[PDB]
Every structure is written in C-alpha cells, then in structure tokens.
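Colleague:
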Ligand SMILES: *[C@@H]1O[C@H](CO)[C@@H](O)[C@H](O)[C@H]1NC(C)=O
Ligand SMILES: *[C@@H]1O[C@H](CO)[C@@H](O)[C@H](O)[C@H]1NC(C)=O
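Protein chains in written order, with PDB author numbering: chain B, 581 to 620; chain A, 823 to 827, 854 to 870.
Shown next as structure tokens:
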C-alpha cells in the first residue's frame, strides 16, 4: 500500500547519574538525556 | 533571534541556561 513512512533514530541519549556526594547518600537520581519517559 | 538560526551518537546538549534565563 503506497504511503509515506518516516523513520527516526531509536532513542539514545546518555544516562547521567546525579548524586549528592557519597559523603551524604547512596541515593542517586538518574537522568536519561533527551528521551520521552516511556522507553525506560 | 530572527537572524541567527539526533542521528549518529551525535547529540546536542541543552545549554544549562535557557534564553528566558539569559
Ligand atoms: C563530608 O563528610 C565528612 C566526614 O566524612 C565531613 O568532615 C564533612 O564536613 C562533610 N562535608 C560537608 C560538605 O558537609
Ligand atoms: C512524549 O510522549 C507522549 C506520548 O507518546 C506525547 O504525548 C508527548 O508529546 C511526548 N513528548 C515528547 C517531548 O516527546
């Protein structure tokens, strides 16, 4: 069926890990750079 | 801002300060 399909990269973006210094916590936020929060 | 004007691992990171900050 003739019709116009785009394409697009998958997602990528690097994972970044926020942390307050391990001086303080073992808790870390995570930042998935430039994605939409689904594919997590 | 009218004058002056995502593929292979190449990214573009967001500038830490958005224009409405600047
Ligand atoms: C980090 O923890 C050390 C002790 O391990 C303490 O001497 C120091 O004041 C702490 N740093 C801050 C910014 O509170
Ligand atoms: C994220 O995905 C949702 C659902 O697919 C969509 O409504 C929203 O516009 C998307 N936002 C971005 C920034 O991709």
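For each residue, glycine too, the CB sits at the ideal point set by N, CA and C.
Between the alpha carbons of residue 609/B and residue 862/A, how many angstroms are there, rounded?
Modeller: Taking the straight line joining both Cα atoms gives about 19 angstroms.
Colleague: Consider the Cβ of residue 586/B: report whether some Cβ of chain A lies at a distance smaller than 9 angstroms.
Modeller: Not one chain A Cβ lies under 9 angstroms of residue 586/B.
Colleague: Leaving aside the five residues before and after residue 590/B along the sequence, list all residues of the same chain whose C-beta is less than 8 angstroms from its C-beta, in chain order.
Modeller: No residues qualify anywhere along the chain.
Colleague: Flag residue 616/B as yes when its Cβ comes closer than 8 angstroms to any non-hydrogen atom of ligand 2, and as no otherwise.
Modeller: Because some heavy atom of ligand 2 lies under 8 angstroms away, the Cβ of residue 616/B counts as near it: yes.
Colleague: From the DSSP secondary-structure annotation, give me the bridge partner or partners of residue 596/B.
Modeller: BP columns for residue 596/B point to 611/B.
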